[PDB]
Novice: 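Next up is a structure, given as structure tokens.
Residue indices begin at 1 and follow the sequence shown. FYI, side chains are in, hydrogens and waters are out, and symmetry mates aren't considered; it's all heavy atoms of this structure.
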Amino acid sequence: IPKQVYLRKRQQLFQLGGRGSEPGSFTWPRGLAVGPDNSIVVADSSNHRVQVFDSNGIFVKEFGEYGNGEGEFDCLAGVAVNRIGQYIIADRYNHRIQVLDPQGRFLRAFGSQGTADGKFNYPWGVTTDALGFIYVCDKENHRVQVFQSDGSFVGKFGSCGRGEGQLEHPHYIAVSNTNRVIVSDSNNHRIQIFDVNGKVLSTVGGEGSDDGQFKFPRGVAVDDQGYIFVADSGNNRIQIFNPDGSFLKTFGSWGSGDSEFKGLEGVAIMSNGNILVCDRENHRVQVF
């Protein structure tokens, strides 16, 4: 039962990574995703590559190298896997999204630097819905942009501010089965939840260190029933919320030891309830 599984979280099952550029090592990893068969997909940002591991954290494959050509990355941030196994990458310093097939073969790129519709200023988090639409946190444009799976522009929402529907440096994003778009609104210390049309539905949290409060939240994820997972980076902890936004559980504290964190980025959830966390400053992914 998911509630009971989540209330038990505290002790890490295993970890993977460590600083370096060999396969299985990371240098400042950021985004994280779960792929088919509970694969662990890591945006290994300073190595300009994606690494894919099996559900035990064993290296399987990688793709990407530094550059601005097709299938080349420059400090990628977010990564997602869609319903047909394609990899969707937010290619941060190239201000574009790339779509690769389930084998890691480049299919298409869309976007360039700017403020027009379909242009980005530092795309960060990326996710997809059941129909394959792509949702991008366009960080320095303080907005979410929505695309068809081929990169065609669909729509956008959000602008600068701390008011309702406004965003300040949003980083990560998730979309629920109920078609709610969950955005970590980092510099407002809150999660903002929108409908897919862009209307604000609710806010979770606010600035602080008590249960249900955040400092500079980063990764967000949602499970199949709507439980919400937040990498509360400034408080060096993961928080879990019931689907209605109420606080359920927190675990983690500052450090480099087991079940401790120093600089959280992406978060993801396996089909069995294992929570995956990217601890950028310790160059590792921990599984709980």
Side-chain angles (χ1 to χ4, degrees), residues 5-6 8-9 11-60 62-66 73 75-81 85 87-90 92 100 102-104 124-127 171-172 174 218-221 223 229-233 236-240 250-288:
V5 170
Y6 300 146
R8 289 167 179 170
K9 298 294 183 197
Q11 162 72 260
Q12 81 191 40
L13 293 171
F14 62 88
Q15 65 177 51
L16 53 156
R19 183 172 173 180
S21 72
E22 295 179 293
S25 295
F26 305 130
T27 306
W28 297 294
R30 295 197 191 258
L32 194 52
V34 174
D37 203 17
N38 283 327
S39 61
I40 299 171
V41 179
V42 184
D44 185 12
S45 308
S46 293
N47 290 321
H48 313 288
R49 68 184 172 176
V50 173
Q51 297 190 68
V52 181
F53 305 80
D54 72 16
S55 57
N56 292 319
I58 311 303
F59 178 87
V60 169
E62 68 181 281
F63 51 85
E65 66 192 70
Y66 174 74
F73 306 121
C75 291
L76 68 161
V79 61
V81 184
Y87 297 91
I88 319 299
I89 283 75
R92 178 187 169 197
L100 304 101
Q103 319 308 333
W124 202 287
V126 63
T127 195
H171 283 76
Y172 292 94
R218 292 251 162 156
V220 292
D223 81 1
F229 305 80
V230 181
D232 182 10
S233 304
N236 301 289
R237 67 188 177 175
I238 298 306
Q239 296 194 63
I240 310 176
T250 187
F251 63 94
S253 55
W254 183 82
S256 54
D258 267 12
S259 313
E260 303 176 327
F261 307 124
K262 283 190 178 181
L264 292 177
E265 288 282 1
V267 66
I269 183 70
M270 288 181 182
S271 68
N272 57 18
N274 287 357
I275 301 167
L276 308 56
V277 180
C278 179
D279 187 13
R280 183 205 63 254
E281 209 58 46
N282 290 312
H283 305 281
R284 66 180 172 181
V285 170
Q286 296 148 279
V287 185
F288 296 86

Novice: Tell me if a side-chain donor or acceptor on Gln12 pairs with a main-chain N or O of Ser259 at a distance below 3.5 Å.
Specialist: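 It does hold such a pair.
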Novice: Could you grab the distance from atom CD of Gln286 to atom CD of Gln15, nearest 0.5 Å is fine?
Specialist: 5.5 Å
Novice: I want to check something: taking the side chain as every heavy atom from C-beta on, are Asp232 and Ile238 in contact at a cut-off of under 4.5 Å?
Specialist: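 A side-chain contact is absent here, since even the closest heavy-atom pair is not under 4.5 Å.
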Novice: State, with a plain yes or no, whether a side-chain heavy atom of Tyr172 is found less than 4.5 Å away from one of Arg30.
Specialist: yes
Novice: Find the distance between CZ (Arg284) and OG (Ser25) and round it off to the nearest 0.5 Å.
Specialist: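 If I round to the nearest 0.5 Å, the distance is 14.0 Å.
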Novice: Report yes or no: do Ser271 and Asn38 form a side-chain donor-acceptor pair below 3.5 Å?
Specialist: yes
Novice: Kindly compute the distance separating OG (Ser233) from NZ (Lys262), expressed to the nearest 0.5 Å.
Specialist: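 Nearest 0.5 Å value for the OG-NZ distance: 15.0 Å.
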Novice: I'd like to know if the side chain of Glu62 pairs up with that of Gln51 as donor and acceptor (distance under 3.5 Å, no hydrogens or angles considered).
Specialist: no
Novice: Checking side-chain polar atoms at under 3.5 Å, does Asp223 have a donor or acceptor matched by the opposite partner on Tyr6?
Specialist: yes
Novice: Look up atom OG in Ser45 and atom CZ in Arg92, then write down how far apart they are to the nearest 0.5 Å.
Specialist: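 Interatomic distance, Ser45 OG to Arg92 CZ, rounded to 0.5 Å: 8.0 Å.
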Novice: Output the distance between atom CG (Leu32) and atom CZ (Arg280), rounded to the nearest 0.5 Å.
Specialist: 14.0 Å
Novice: Going from CG on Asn282 to CG on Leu264, what distance comes out if it is rounded to the nearest 0.5 angstrom?
Specialist: 9.5 Å
Novice: Got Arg237 and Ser253 here, is their nearest side-chain heavy-atom distance under 4.5 Å?
Specialist: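 Answer no - side chains too far apart.
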Novice: May I ask you to decide if the ring planes of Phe251 and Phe261 are parallel, tilted or perpendicular, using 30° and 60° as cut-offs?
Specialist: tilted
Novice: Hey, does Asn236 have a side-chain heavy atom less than 4.5 Å from the side chain of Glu260?
Specialist: no
